[PDB]
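S.K.: Below is one structure. I have some questions about it.
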Amino acid sequence: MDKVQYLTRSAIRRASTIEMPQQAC
(Lines give C-alpha, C1' and ligand atoms only; values in the text may rest on other atoms or scores of the structure.)
Protein backbone atom coordinates (compact mmCIF):
# COMPACT_ATOMS: atom_id res chain seq x y z
CA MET A 1 0.00 0.00 0.00
CA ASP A 2 2.75 2.40 1.01
CA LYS A 3 4.70 1.19 -2.00
CA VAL A 4 1.71 1.64 -4.28
CA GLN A 5 0.90 4.98 -2.70
CA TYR A 6 4.51 6.00 -3.23
CA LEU A 7 4.42 5.69 -7.01
CA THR A 8 0.92 7.10 -7.17
CA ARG A 9 2.18 10.17 -5.35
CA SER A 10 5.31 10.43 -7.45
CA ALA A 11 2.92 10.69 -10.38
CA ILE A 12 1.14 13.82 -9.23
CA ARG A 13 4.16 14.93 -7.23
CA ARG A 14 6.15 15.03 -10.45
CA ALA A 15 3.25 16.78 -12.14
CA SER A 16 2.84 19.04 -9.14
CA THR A 17 6.38 20.35 -8.90
CA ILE A 18 6.51 23.03 -11.57
CA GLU A 19 5.39 26.34 -10.11
CA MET A 20 5.90 25.60 -6.44
CA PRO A 21 8.88 23.72 -4.98
CA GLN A 22 8.68 20.24 -3.50
CA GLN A 23 11.59 18.07 -2.43
CA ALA A 24 10.83 15.54 0.28
CA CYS A 25 10.46 18.21 2.94
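By convention here, the chains of the C-alpha coordinates are called A, B, ... in the order presented, each chain's residues are numbered starting at 1, and ligands are numbered starting at 1 in the order presented.
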Looking only at the backbone, which of the residues in chain A does DSSP tag as helix (DSSP H, G or I), as a ChimeraX atom specification?

M.R.: /A:4-14

S.K.: Would you kindly return, as a PDB file with N, CA, C and O atoms, in the first residue's frame, each protein, DNA or RNA residue with an atom no farther than 8 Å from any atom of residue 13 of chain A, considering only C-alpha atoms and excluding same-chain residues fewer than 4 positions away?

M.R.:
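File result_30.pdb, as written:
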```pdb
ATOM      1  N   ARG A   9       1.883   8.810  -5.775  1.00  0.00           N
ATOM      2  CA  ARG A   9       2.177  10.168  -5.348  1.00  0.00           C
ATOM      3  C   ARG A   9       3.242  10.789  -6.253  1.00  0.00           C
ATOM      4  O   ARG A   9       3.148  11.963  -6.613  1.00  0.00           O
ATOM      5  N   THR A  17       5.157  19.688  -9.308  1.00  0.00           N
ATOM      6  CA  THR A  17       6.384  20.352  -8.902  1.00  0.00           C
ATOM      7  C   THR A  17       6.936  21.202 -10.049  1.00  0.00           C
ATOM      8  O   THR A  17       8.060  20.989 -10.499  1.00  0.00           O
ATOM      9  N   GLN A  22       9.095  21.454  -4.185  1.00  0.00           N
ATOM     10  CA  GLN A  22       8.680  20.242  -3.499  1.00  0.00           C
ATOM     11  C   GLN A  22       9.778  19.180  -3.588  1.00  0.00           C
ATOM     12  O   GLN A  22       9.932  18.525  -4.617  1.00  0.00           O
TER      13      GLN A  22
END
```
